[PDB]
Amino acid sequence: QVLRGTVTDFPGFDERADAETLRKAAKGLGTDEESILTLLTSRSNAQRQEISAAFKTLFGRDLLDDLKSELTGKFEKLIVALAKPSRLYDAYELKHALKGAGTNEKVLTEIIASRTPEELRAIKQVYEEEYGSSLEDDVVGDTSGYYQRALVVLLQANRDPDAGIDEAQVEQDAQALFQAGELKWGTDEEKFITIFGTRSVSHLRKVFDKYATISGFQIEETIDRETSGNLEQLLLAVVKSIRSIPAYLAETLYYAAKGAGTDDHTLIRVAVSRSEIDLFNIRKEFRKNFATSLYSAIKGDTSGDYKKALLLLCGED
Ligand SMILES: [Ca+2]
Ligand SMILES: [Ca+2]
Ligand SMILES: [Cl-]
Ligand code: NA
């Protein structure tokens, strides 16, 4: 609906003034992080880029390079994440999930399953113009099996638009998933992909509906029992993403800070990735689901300048 984040444009923005506020608390053996923190988090990504631009035209240095040398810990990755082009961040951490490590598919799934069709083309055409290699090829180059198949299916944003809704297909697909799923001595996860990947959101969101009536089980739990791991993560991702991306991502955070396993990585990207998209929506229904404030969590799970930075990014809920 009306997706709104938290990070808005700073009143009477002064790119040159801020540009050298970072020159200062990046100075000598004084790395003043609370300065950078409050400022960097008080102005939209859009502007902190013309601050990065007014930085090297001013002092001839890379605001990124310099920053990422002076700060350490989760605070470093938080600020770097914060200071980079929005229309180049999703593609960024995608390259940092197909690199010298070669795992971190939790990033692949959560980015490719959550980004709407329109912005997939962005994240993917920009990737090959900044890195040179096909976004699809890099996925197909690491990911294998049905997962990589689904990823490719989702990676080319071709999902049918919201043209209408005909119960005819709704019941048609439902059973197609039903047979591919439950009614079989196996899994034709190829009816799954095409059903989760190609058909529209509206269609699918009501397909998931009557599947519950048809099967007694809801599309998601039938997945858990009919699929395993990574592939399951993707459909699981797509499914709940489809009924509500802010919800999916909202719980993407709960699971990121639960039991002695703070995945600062997800808490970082998920927070910055949509700091100005729908993070407001994220924390407002994070209360109706997880009965907790996203604010209570970040302060009661992390420390350092990290938490107060996250809090100011989180918003004011
Ligand atoms: Ca310094
Ligand atoms: Ca089966
Ligand atoms: Cl890079
Ligand atoms: Na950003």
# chains A, B, ... in the order shown; residues from 1 in each chain; ligands from 1
$ closest_atom_pairs --of "stretch 89-157 of chain A" --to "stretch 264-272 of chain A" --cutoff "10 Å" --atoms "only C-alpha atoms" --output "tab-separated table"
residue	atom	partner	partner_atom	distance
A:89	CA	A:269	CA	8.7
A:90	CA	A:269	CA	8.6
A:93	CA	A:269	CA	8.3
A:106	CA	A:266	CA	8.8
A:107	CA	A:266	CA	7.9
A:110	CA	A:270	CA	9.1
A:111	CA	A:270	CA	9.2
$ residues_near_ligand --ligand "ligand 2" --cutoff "9 Å" --atoms "only C-alpha atoms and all ligand atoms" --output "NGL selection string"
:A and (178-188 or 225-226)
$ residues_around --residues "residue A:24" --least-positions-apart "5" --cutoff "12 Å" --atoms "only C-alpha atoms" --output "list in words"
residues 17, 18, 19, 29, 30, 31, 32, 33, 35, 36, 55, 59 and 67 of chain A
$ closest_atom_pairs --of "chain A" --to "ligand 4" --cutoff "8 Å" --atoms "only C-alpha atoms and all ligand atoms" --output "JSON lines"
{"residue": "A:45", "atom": "CA", "partner": "ligand 4", "partner_atom_place_in_ligand_line": "1 (Na)", "distance": 5.1}
{"residue": "A:81", "atom": "CA", "partner": "ligand 4", "partner_atom_place_in_ligand_line": "1 (Na)", "distance": 5.7}
{"residue": "A:82", "atom": "CA", "partner": "ligand 4", "partner_atom_place_in_ligand_line": "1 (Na)", "distance": 4.3}
{"residue": "A:83", "atom": "CA", "partner": "ligand 4", "partner_atom_place_in_ligand_line": "1 (Na)", "distance": 5.4}
{"residue": "A:84", "atom": "CA", "partner": "ligand 4", "partner_atom_place_in_ligand_line": "1 (Na)", "distance": 4.7}
{"residue": "A:85", "atom": "CA", "partner": "ligand 4", "partner_atom_place_in_ligand_line": "1 (Na)", "distance": 5.5}
{"residue": "A:86", "atom": "CA", "partner": "ligand 4", "partner_atom_place_in_ligand_line": "1 (Na)", "distance": 4.6}
{"residue": "A:89", "atom": "CA", "partner": "ligand 4", "partner_atom_place_in_ligand_line": "1 (Na)", "distance": 6.4}
{"residue": "A:272", "atom": "CA", "partner": "ligand 4", "partner_atom_place_in_ligand_line": "1 (Na)", "distance": 5.6}
{"residue": "A:273", "atom": "CA", "partner": "ligand 4", "partner_atom_place_in_ligand_line": "1 (Na)", "distance": 6.3}
{"residue": "A:275", "atom": "CA", "partner": "ligand 4", "partner_atom_place_in_ligand_line": "1 (Na)", "distance": 7.4}
$ residues_around --residues "residue A:249" --least-positions-apart "3" --cutoff "8 Å" --atoms "only C-alpha atoms" --output "number ranges by chain"
A: 114, 241, 245-246, 252-253, 270, 282
$ closest_residue --among "A:66, A:42, A:78, A:136" --to "residue A:94" --atoms "only C-alpha atoms"
A:136
$ residues_around --residues "residue A:235" --least-positions-apart "2" --cutoff "9 Å" --atoms "only C-alpha atoms" --output "MDAnalysis selection string"
chainID A and resid 109 113 150 192:193 196 220 223 227 230:233 237:240
$ write_last_selection --atoms "N, CA and C atoms" --output "CSV table (one decimal), in the first residue's frame"
chain,number,residue,atom,x,y,z
A,109,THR,N,18.3,-15.4,-1.3
A,109,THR,CA,16.9,-15.7,-1.1
A,109,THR,C,16.1,-14.4,-0.6
A,113,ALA,N,13.7,-12.8,-3.3
A,113,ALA,CA,12.3,-13.2,-3.0
A,113,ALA,C,11.5,-12.0,-2.5
A,150,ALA,N,14.8,-21.7,-9.3
A,150,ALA,CA,13.8,-20.7,-8.8
A,150,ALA,C,14.4,-19.3,-8.9
A,192,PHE,N,5.7,-25.7,-8.5
A,192,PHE,CA,5.9,-24.7,-7.5
A,192,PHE,C,6.6,-23.4,-8.0
A,193,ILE,N,7.7,-23.5,-8.6
A,193,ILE,CA,8.5,-22.4,-9.2
A,193,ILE,C,7.5,-21.5,-10.0
A,196,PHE,N,4.8,-20.0,-8.0
A,196,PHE,CA,5.2,-18.9,-7.1
A,196,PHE,C,5.9,-17.8,-7.9
A,220,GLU,N,2.3,-22.6,3.0
A,220,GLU,CA,3.6,-22.6,3.6
A,220,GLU,C,4.0,-23.8,4.4
A,223,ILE,N,4.9,-26.7,2.4
A,223,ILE,CA,6.2,-26.5,1.9
A,223,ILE,C,7.2,-27.2,2.8
A,227,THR,N,9.4,-29.8,1.1
A,227,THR,CA,10.6,-29.2,0.6
A,227,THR,C,11.6,-29.1,1.8
A,230,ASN,N,17.4,-24.7,1.7
A,230,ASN,CA,17.5,-23.6,0.7
A,230,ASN,C,16.3,-23.4,-0.2
A,231,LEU,N,15.9,-24.5,-0.9
A,231,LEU,CA,14.7,-24.5,-1.8
A,231,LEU,C,13.5,-24.0,-1.0
A,232,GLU,N,13.3,-24.6,0.2
A,232,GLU,CA,12.3,-24.3,1.1
A,232,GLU,C,12.4,-22.8,1.5
A,233,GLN,N,13.6,-22.4,1.8
A,233,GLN,CA,13.8,-21.0,2.2
A,233,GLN,C,13.3,-20.0,1.1
A,237,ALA,N,10.3,-17.9,1.5
A,237,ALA,CA,10.5,-16.5,1.4
A,237,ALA,C,9.5,-15.9,0.5
A,238,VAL,N,9.4,-16.4,-0.7
A,238,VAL,CA,8.4,-15.9,-1.7
A,238,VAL,C,7.0,-15.9,-1.2
A,239,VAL,N,6.6,-17.0,-0.6
A,239,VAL,CA,5.2,-17.1,-0.1
A,239,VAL,C,4.8,-15.9,0.9
A,240,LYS,N,5.4,-15.9,2.1
A,240,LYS,CA,5.1,-14.9,3.0
A,240,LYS,C,5.5,-13.5,2.6
$ atom_distance --atom1 "atom CA of residue A:129" --atom2 "atom CA of residue A:77"
23.7 Å
